Every structure is written in structure tokens, then in C-alpha cells.
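K.L.:
got a structure for you, letters missing:
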Ligand code: NA
Ligand code: NA
């Protein structure tokens, strides 16, 4: 056998199919989880400055991060977390949030360790756990009671304390928390975070917290970082993404924040994998954060203006999608919302697909080809045994240009005529 | 323990210490393996174009590579290798040559596998083998016996056919070939590559070939790619680095080329680690290769001009270092040359240092503090059992500005005439 056993069961990449199909039809692409408009001017200018400035920025920088970037991350997130952060010992710059996650799993997860993952989960958590020899253990958010004709809210998908507690064992190494959650758009409450924190402390478990959508919060909901809770800094790794912060997903710069006794192991993985991150994008991200720190909580800041603008896009999409009978679940954060397609499953059950194929995957293919709209089937964010049960949601991304939302409405109006 | 056992024995990073000591003294830094002058204008301009062009270049590109980049890599290297290369199946863009190496080890090396490593080796090959559960197996190039009438050549460092053959077993998974070699600067001959090819075919072993210094060849010596030899494409992974190609080490873009039946496993690692490489640097690299393809073999091409310029730098450094009794080994390629310090070990045997600290490490510290010149001790490129024997070489980098070479000569003047 040529390949390593660590690759068992993790070769299938659903994203390649999704991207391929969308490219082959006339569509409004609401499946792409990135903006189709420019990043803010200050961010693009920052990168332009980095590639036209000091010529030595074309050469290697320091292994654990470009010092101006680790300095501003430590200062800014130190303030946000109520934590003294040492840029040398508590910050690691990585190749995006993906690279940060990978670094954490490869540092901490070992053969036989259990890792608690919360469904619906960003799909890589499962195969990253597996490649590190871990055993994924799933806890499932419970969709709230659908009442009195109103739309569901992500806030009401519950993390049951008894279910969660039952998942912790002596083999648990880590719990992966993603808030705001992709795909659901749930913003975890202080009470929910206190529940997770209490169990992590009880069982001596590390919390890997993926906070890439930190700034994308709506309706007055506040992002709370679990590392800011009492006793949690010493057992938490906090992950962010410049791409999701500054609407520049192609920059692929991320970071991990955490205490030295954990971070030293991530540094070991880093120096034995990529060694350096690119210099100039790090300089761009540092300049961008400096801009936002100076304007923090002011009306002209991107972190104030941008979520307000995207909240309007969310509301537009929520209203529009109902015109064809899709039932949105209102998100409190992230780039995304999901819609229940149960009415379609009930009335239109017989879509072509493979024998075991979840309805949502079949429905998305039908929607792309026939209605000209792309979404992502939510079953990809579930463990395989649960996919047959959570097969009736699809994920839309509303972080789109005005023109794209208008184009969406053109497709929806056509669909409504033939309902 | 908290951390995964895959990290055992790979946490010590010599480079962090090297940077530290140099930063504390007034030095000419010939330890840094990167240019201290700008990349060529066309390369810097290409990056400027990528960050000021199509705004959608700020967002994600395709998982396995920015298509214009994979297209030109497949075209350009397909012609050099005498191989039809499909961009989608045979090319993977990675986070530098480092990331490419890491991806290869994680795809192919498993618990118990052996990996043959040729000393002196780029230092990461050993811990990357270890982190993947492999057992490193070392074969040493044997230094040419030198007559002090004329300087040794890296070409005289021999790969003994019997010694190499004896390293192969049923457990050998891969052999790592680095040519041109860092730190020695050896450019492997056709005969040497035919020896490696014969054994890899006989034993059904994969050759991981690190060709980052491909363009840095001197004195009429030709880079030969082992994947071009009969029957080798089907068992070789060929690695390159944009940083080493365009003198832009901080760009951190690299690639692997190989047959689909091996590459599919590298894609599995990639999609479960970083998922995307940054978009804009990939675009810059593609444009830079387009420029060099158009000017292939022409006087104005970087691949013609740059190695000629650096050969002059090499010759300057070879002459200069002899003034103080260092004995250079003339390299045929790479950024580097090594000097034998055996005369210093003879005359000055008792340098301060830790227990069992190899002489070369002690000598470099002495030279930094007293003479203001940085080199890298070559013992870091040897397995621990062999460091006792190979303790009398240090590595210099001659890919430096003319002002830096002038500053080197000032230090050498002081060394000779002062104190
Ligand atoms: Na425990
Ligand atoms: Na064999």
C-alpha cells in the first residue's frame, strides 16, 4: 500500500462537485461563501502597499509570524478577550483558519482520543480529527419547536446539557466550538458557553474555538469568546481568519491565540510543515487591523458598517426565498442562512439521485439545473449516520452585491410562476 | 500527555537560535539563505498587478491551484521533463517547497516505513519523516580527498553504489533526493541519478525530488530531473519553489508534479490541511513563469542572467574566505557553499560550548561574536550519530548584494590584520 493509513476515508471532497456543477449552468451563485464585491478600500490598499514597499518584504519573515502582525493581534484581541497576550508565546500566524484548525488537530489529537464535534459542523472538523487518529464524537443541536407560523431562529437550535455531558468521557481530548456557526448562523449565548466551559474544566478538555465569523453578528447579538470566560484561557485555542474579517478570502491568512503550554505544540507542527507564512499578506493584515483598532466601535469602522450592510442583505434574502416556499431559519451571525425544504421533500419526493443520496443533495442539483440558483446541501455538515435524518436543509450565502441579489430575485420570480 | 506523540523529538528549532545570536552582534549575515536585494522587476510587477487587477482575485481560487498557474507549470515543466502533464491531475500548488515536502510525507509515509535520506540533508527531511511515523535511514555522501594545491568540488562528494544499495529494504517507502543540494551545492550527474533510478525501480520505492535550486547551476553544469529518466515519472514527485526561482522567498508558493496515482493522496492531504493557497501570489508566479517561458534561453531572461551574476558572487566569496584560512568546496549549484574549518579545529580545538556540542556549532558562535561573520554549522544537516564525524564544515550563502560582499571583505580585513 502506497498511501498512509491516516488518509483512510477522507479522500472524498464534496466541494469539487459543487463548484464544477455550478460552473456548467446559468446561475446566481449563492453557494460561494465569499463576497462577490471588493474588500474594503483600506484592505486592498494595505496589500498594494505591502507589495510596493520595503523590498525585503519579498523575503522570508519570522517563522511564527510577521512581528507587526503578531503585535497588533496580541494588542487588539488582548483587549477583546480581557487577556494579556504575548505576541511571541501566544500567537501563531497560519495559512487561514483552515491551516489554524489543521495545526491544532495535528498538535493535540492522538490515536484513540475523542473529539467532540457539534452538528451541523464545518465539514473539515471530522476528517481533520480522523487524520490525527482521533475518534469523532457528535453532539447534535436540536432544531427548536416550529410554532405559530413564524420562521425558525438559529438561536433556538439547542445544545442539550444532558446530551453534551453524556458525550464527555475519559478519552475526550478536545471539543470543537464554532461560533458564529457555519452553516447555521447560530451565535452561542453566554449561557451556552458557560455550559461548554464547565464541562471542559470538569473533564480537563481543550476547547478549539473557531471564531472566524466574529464580526458578522446581527440584530444586537454579541459575539462572546469562550477564552474570555473564567478559567478558560488556559485550555482554549482561539482561531481567526483575515479572509472572513476583511472580506478577502483569497488572502488565506489566519491565526491561533492561546496559552504557551498549548501553543508550543502548535509551533512544533508549524515549523515542521510550512515553516513560514507569506510575508506581504501578513503586512497587509497587520495594517488592516491597525486601521480597525484605531476606529474601534466608531460609526466609520468596517466592523460596524459591514455587518449592518450584510444584515440588510440577509433580510432581503429571507423575504425573497419565502416567495417560492423555502422556509429560512433566521441567522444571528455568519455569512449564511439555511432554509428548510421539507415542503418540497413532501410534495416533490422523487428527484433523481443515487440510492442512498440525501434529498438535499438531489434538490440542490435540481435547483441549479432548472431554477438557476446555487445553494449547498446541509447534509455535508452532518456525520454520515445522521445525513438521512438531516437531509432537508440547504445553505445560502447572502454576502453578495446588490446586482447579485437582483439577479436572484429574477430567478425566484420565474420559479414562482411554475410552482 | 496533552500533545500528540507524533511531536516527540521534533520540537527543537535551530533556526530560531541562529537568528537570535546574529541579531545581537554587528554582523555580515551570510547565514541567511535568501537574497538581500530585490527580486527582478518583472516578478515584483506581477505581484503588484495581481493586487490591483480583477478585484475577485481577493477571493478564494481553486483548491488544487490557481488555474493559470497550474496551466503554465504543466506546460513549462512538461516540456523540461519530456512529459505530458495534466494541470488538474498532475500538479498541486502548495505553501512553498516546505509545504510541498510536508504534503508528500503526510500522504505517503506511514508507521514503520523507512525513508532514505542523503547526508548532508535539508534539515526538515528527518523530522518530517518522524512526524509521519517513518524511520529515517541515512546514507552519507563521501567527501573528496583534497590536495591543498587546488580546492575541492561538490561534484567530488560521492554516493557509493554499494552503500546506497544496502540501505534499501522491503520497508523503504521513499528516497529523498535534493539536487542541487542544500547545503553542499552538489548537482547530481546523470550517472548518479541513473543509480538512484535503478534502485527505486528495483525496490518499488517513490523518489521525492526536491528541485528548488533547479535554475541555480554554475560552470556549465546541467540540472537533470530524475522524473525525466525512463520509467521514473510513474514513481517520482518533483518539488519546486517560486521563492527560490524568482528570488522572492517571502512569497511562499511551491508545487509538486507527479502521476495521478500518487498525486491523488497529496490532494487528500491538501484538502484536509490548508484547502486553498493564496490567490494573488499564485497569479504573480504564473505571470513570472509566462515571462520566462517567452524569453527561454534568451540573454534578457532571468534564468540566464541570474545564475551568471550569482556565479560571480560565488567566485568572489570563494577567493575572499580563503584569506583567513577557510577552505571552500566549490559548489556546482544552489545558493550555498561550505568551507572546511579543519585547520581551525587543529589550531583552536578548545572552544566554549555545551557537552557534546559539535565543533562547527562552537566555531560559528566564536566567529559571530569575534569576527562579525555569520555562517550555519553544517552538523545541523546530519543525523545525530554522524555529527561527531561531520563537525568541521560551515555553510555560507553568496546570494547577496554587492554591498554585502564588500562588508564581508571589511570583516575579513579586520580578522587578518587586527588584534
Ligand atoms: Na479527562
Ligand atoms: Na519494496
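P.N.:
Sure thing, it's come through. Residues are numbered from 1 along each chain as shown, chains lettered A, B, ... in the order given. Ligands and ions are numbered 1, 2, ... in the order given.
K.L.:
just checking, residue A:163 touches residue A:139?
P.N.:
Yes - assessed by C-beta atoms under 8 Å, residue A:163 is found in contact with residue A:139 at 5.7 Å. For every residue, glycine as well, the C-beta is placed using N, CA and C.
K.L.:
Okay, now stretch A:78-93: how far is its last residue from its first?
P.N.:
By C-alpha to C-alpha, to the nearest Å, the extent of stretch A:78-93 from end to end equals 16 Å.
K.L.:
and it, anywhere near chain B?
P.N.:
No - shown here: stretch A:78-93 not in contact with chain B (C-beta under 8 Å from any C-beta of the partner chain), separated by at least 10.3 Å.
K.L.:
Show me which of residue A:163 and residue A:139 is the more surrounded one.
P.N.:
The neighbour count for residue A:163 versus residue A:139, taken as other C-beta atoms under 10 Å in any protein chain shown, is higher for residue A:139 (19 against 13).
K.L.:
how close does the more buried one get to residue A:235?
P.N.:
From residue A:139 over to residue A:235 the distance is 18 Å, taken as C-beta to C-beta, to the nearest Å.
K.L.:
same thing with residue A:347?
P.N.:
The spacing between residue A:347 and residue A:235, counted by C-beta to C-beta, is 49 Å.
K.L.:
Between these two, which is the more surrounded one?
P.N.:
residue A:235 (21 against 9).
K.L.:
Residue A:302: how many residues sit nearby?
P.N.:
Residue A:302 is flanked by 21 other residues according to other C-beta under 10 Å.
K.L.:
Leaving out sequence neighbours, find the closest residue to it.
P.N.:
Of all residues not flanking residue A:302 in the chain, residue A:40 sits nearest, at 5.2 Å (C-beta to C-beta, 6 or more residues apart in numbering or on different chains).
K.L.:
do residue A:94 as well
P.N.:
Take residue A:94 and drop its neighbours on the chain: the residue closest to it by C-beta to C-beta, 6+ apart is residue A:100, 4.2 Å away.
K.L.:
contacting residues around that neighbour?
P.N.:
Neighbouring residues of residue A:100 by C-beta atoms under 8 Å, 6 or more residues apart in numbering or on different chains: A:92, A:94, A:239, A:240, A:241, A:254, A:255, A:256.
K.L.:
Check residue A:55 too.
P.N.:
By C-beta under 8 Å, 6+ apart, the contact set of residue A:55 is B:37, B:38, B:39, B:44.
K.L.:
Which one of these is nearest to residue B:313?
P.N.:
Closest approach to residue B:313 among the contacts of residue A:55 (C-beta to C-beta): residue B:37, at 10.4 Å.
K.L.:
Leaving out chain neighbours, which residue sits closest to that closest one?
P.N.:
Spatially, and ignoring its direct neighbours in sequence, residue B:37 is nearest to residue B:401 (4.5 Å; C-beta to C-beta, 6+ apart).
K.L.:
Is the one you found in contact with residue B:36, as I believe?
P.N.:
Yes - when contacts are counted by C-beta under 8 Å, residue B:401 is listed as touching residue B:36 (5.2 Å).
K.L.:
Spit out the residues that contact these two alike.
P.N.:
Counting by C-beta under 8 Å, 6+ apart, nothing touches both residue B:401 and residue B:36.
K.L.:
which residues in the stretch 151-300 of chain A form helices?
P.N.:
Counting by DSSP state H, counting those that start in this stretch, one finds helices in the stretch 151-300 of chain A at the ranges A:161-167, A:190-203, A:242-245, A:260-271, A:279-294.
K.L.:
neighbouring contacts of the third one?
P.N.:
Yep, that's helix A:242-245 we're talking about. When contacts are defined by C-beta under 8 Å, 6+ apart, helix A:242-245 is touched by residues A:34, A:96-97, A:212-216, A:248-254, A:281, A:285, A:288, A:335, B:60.
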